[PDB]
Amino acid sequence: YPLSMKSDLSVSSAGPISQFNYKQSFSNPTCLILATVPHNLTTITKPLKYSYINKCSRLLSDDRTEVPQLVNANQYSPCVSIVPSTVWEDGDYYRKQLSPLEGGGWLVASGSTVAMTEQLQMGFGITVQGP
């Protein structure tokens, strides 16, 4: 997680990170740490680029109605099945036909990319219930 969209990574935020990427439980204490690995830890390998999902919605069987698919707390987004591990390019879009048993229609996902930094910046969402 690069620092440039810090405002999106907040508990009281309505950004795409909350909607379709990462939402936390409201009944348990949760800290968020935005950190960077400047030079020391070479064991951490930087990825190709930062990626996130800015749209995760389902098309109904009428091909006209779109229902957003919000990810629940401590769960994976339903759109990760078609979104690759790293989004290839900014504004990429993916479609998947839905079987009638699953509800019919289509599943549509949209991913965006953020360029790399010199030092890898990461985020920690840490949820809770000495010598």
# chains A, B, ... in the order shown; residues from 1 in each chain; ligands from 1

$ closest_atom_pairs --of "segment 25-75 of chain A" --to "segment 86-104 of chain A" --cutoff "8 Å" --atoms "only C-alpha atoms" --output "JSON lines"
{"residue": "A:48", "atom": "CA", "partner": "A:86", "partner_atom": "CA", "distance": 7.4}
{"residue": "A:49", "atom": "CA", "partner": "A:86", "partner_atom": "CA", "distance": 7.1}
{"residue": "A:50", "atom": "CA", "partner": "A:86", "partner_atom": "CA", "distance": 7.3}
{"residue": "A:51", "atom": "CA", "partner": "A:87", "partner_atom": "CA", "distance": 5.5}
{"residue": "A:52", "atom": "CA", "partner": "A:87", "partner_atom": "CA", "distance": 7.5}
{"residue": "A:60", "atom": "CA", "partner": "A:104", "partner_atom": "CA", "distance": 6.6}
{"residue": "A:61", "atom": "CA", "partner": "A:104", "partner_atom": "CA", "distance": 5.3}

$ write_last_selection --atoms "N, CA, C and O atoms" --output "PDB file, in the first residue's frame"
ATOM      1  N   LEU A  48       5.409  -5.955  -8.988  1.00  0.00           N
ATOM      2  CA  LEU A  48       5.511  -5.198 -10.231  1.00  0.00           C
ATOM      3  C   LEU A  48       4.972  -3.782 -10.056  1.00  0.00           C
ATOM      4  O   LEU A  48       5.610  -2.808 -10.473  1.00  0.00           O
ATOM      5  N   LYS A  49       3.798  -3.651  -9.443  1.00  0.00           N
ATOM      6  CA  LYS A  49       3.190  -2.354  -9.184  1.00  0.00           C
ATOM      7  C   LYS A  49       2.084  -2.540  -8.159  1.00  0.00           C
ATOM      8  O   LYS A  49       1.597  -3.653  -7.944  1.00  0.00           O
ATOM      9  N   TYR A  50       1.690  -1.438  -7.525  1.00  0.00           N
ATOM     10  CA  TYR A  50       0.583  -1.487  -6.581  1.00  0.00           C
ATOM     11  C   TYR A  50      -0.735  -1.594  -7.335  1.00  0.00           C
ATOM     12  O   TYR A  50      -0.903  -0.999  -8.400  1.00  0.00           O
ATOM     13  N   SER A  51      -1.671  -2.359  -6.782  1.00  0.00           N
ATOM     14  CA  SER A  51      -2.945  -2.593  -7.445  1.00  0.00           C
ATOM     15  C   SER A  51      -4.074  -2.567  -6.427  1.00  0.00           C
ATOM     16  O   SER A  51      -3.882  -2.901  -5.255  1.00  0.00           O
ATOM     17  N   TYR A  52      -5.256  -2.165  -6.889  1.00  0.00           N
ATOM     18  CA  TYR A  52      -6.451  -2.200  -6.058  1.00  0.00           C
ATOM     19  C   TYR A  52      -7.669  -2.330  -6.960  1.00  0.00           C
ATOM     20  O   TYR A  52      -7.578  -2.197  -8.182  1.00  0.00           O
ATOM     21  N   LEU A  60     -27.480  -8.118 -13.107  1.00  0.00           N
ATOM     22  CA  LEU A  60     -28.594  -9.034 -12.925  1.00  0.00           C
ATOM     23  C   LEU A  60     -28.948  -9.712 -14.247  1.00  0.00           C
ATOM     24  O   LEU A  60     -28.362  -9.438 -15.299  1.00  0.00           O
ATOM     25  N   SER A  61     -29.928 -10.618 -14.192  1.00  0.00           N
ATOM     26  CA  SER A  61     -30.315 -11.381 -15.373  1.00  0.00           C
ATOM     27  C   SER A  61     -30.994 -10.521 -16.431  1.00  0.00           C
ATOM     28  O   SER A  61     -31.113 -10.958 -17.581  1.00  0.00           O
TER      29      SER A  61
END

$ residues_around --residues "residue 53 of chain A" --least-positions-apart "3" --cutoff "7 Å" --atoms "only C-alpha atoms" --output "PyMOL selection string"
chain A and resi 16+20-21+110-112

$ select_by_dssp --residues "segment 68-112 of chain A" --states "helix (DSSP H, G or I)" --output "mmCIF file with N, CA, C and O atoms, in the first residue's frame"
data_model
loop_
_atom_site.group_PDB
_atom_site.id
_atom_site.type_symbol
_atom_site.label_atom_id
_atom_site.label_comp_id
_atom_site.auth_asym_id
_atom_site.auth_seq_id
_atom_site.Cartn_x
_atom_site.Cartn_y
_atom_site.Cartn_z
ATOM 1 N N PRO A 78 -15.636 -10.715 -3.478
ATOM 2 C CA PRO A 78 -16.143 -11.703 -4.446
ATOM 3 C C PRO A 78 -15.536 -11.567 -5.831
ATOM 4 O O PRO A 78 -15.592 -12.525 -6.612
ATOM 5 N N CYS A 79 -14.957 -10.415 -6.163
ATOM 6 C CA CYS A 79 -14.413 -10.165 -7.491
ATOM 7 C C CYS A 79 -12.961 -10.603 -7.640
ATOM 8 O O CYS A 79 -12.399 -10.462 -8.731
ATOM 9 N N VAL A 80 -12.339 -11.128 -6.581
ATOM 10 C CA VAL A 80 -10.940 -11.535 -6.672
ATOM 11 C C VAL A 80 -10.760 -12.761 -7.558
ATOM 12 O O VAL A 80 -9.633 -13.059 -7.971
ATOM 13 N N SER A 81 -11.841 -13.486 -7.857
ATOM 14 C CA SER A 81 -11.729 -14.670 -8.702
ATOM 15 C C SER A 81 -11.332 -14.312 -10.129
ATOM 16 O O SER A 81 -10.687 -15.116 -10.810
#

$ closest_residue --among "A:108, A:26, A:8, A:43" --to "residue 83 of chain A" --atoms "only C-alpha atoms"
A:108

$ atom_distance --atom1 "atom CA of residue 19 of chain A" --atom2 "atom CA of residue 71 of chain A"
6.3 Å

$ residues_around --residues "residue 69 of chain A" --least-positions-apart "5" --cutoff "7 Å" --atoms "only C-alpha atoms" --output "JSON, numbers by chain"
{"A": [56, 57, 58]}

$ residues_around --residues "residue 119 of chain A" --least-positions-apart "2" --cutoff "7 Å" --atoms "only C-alpha atoms" --output "list in words"
residues 36, 37, 38, 117 and 121 of chain A

$ write_last_selection --atoms "N, CA, C and O atoms" --output "JSON list (two decimals), in the first residue's frame"
[["chain", "number", "residue", "atom", "x", "y", "z"],
["A", 36, "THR", "N", 7.17, 1.73, 5.72],
["A", 36, "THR", "CA", 8.03, 1.64, 4.55],
["A", 36, "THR", "C", 9.28, 0.85, 4.90],
["A", 36, "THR", "O", 9.76, 0.92, 6.04],
["A", 37, "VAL", "N", 9.79, 0.11, 3.93],
["A", 37, "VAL", "CA", 11.04, -0.64, 4.09],
["A", 37, "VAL", "C", 12.11, 0.07, 3.27],
["A", 37, "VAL", "O", 12.28, -0.25, 2.08],
["A", 38, "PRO", "N", 12.82, 1.05, 3.84],
["A", 38, "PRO", "CA", 13.71, 1.89, 3.01],
["A", 38, "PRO", "C", 14.82, 1.12, 2.31],
["A", 38, "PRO", "O", 14.87, 1.09, 1.08],
["A", 117, "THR", "N", 7.34, 2.95, -5.84],
["A", 117, "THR", "CA", 8.18, 3.93, -5.18],
["A", 117, "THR", "C", 9.59, 3.36, -5.02],
["A", 117, "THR", "O", 9.82, 2.16, -5.21],
["A", 121, "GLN", "N", 6.44, 0.60, 0.19],
["A", 121, "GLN", "CA", 5.52, 1.03, 1.24],
["A", 121, "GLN", "C", 4.42, 0.00, 1.39],
["A", 121, "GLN", "O", 3.80, -0.41, 0.40]]

$ atom_distance --atom1 "atom CA of residue 2 of chain A" --atom2 "atom CA of residue 76 of chain A"
20.3 Å

$ select_by_dssp --residues "segment 53-126 of chain A" --states "strand (DSSP E or B)" --output "PyMOL selection string"
chain A and resi 53-59+66-68+92-97+106-114+120-126
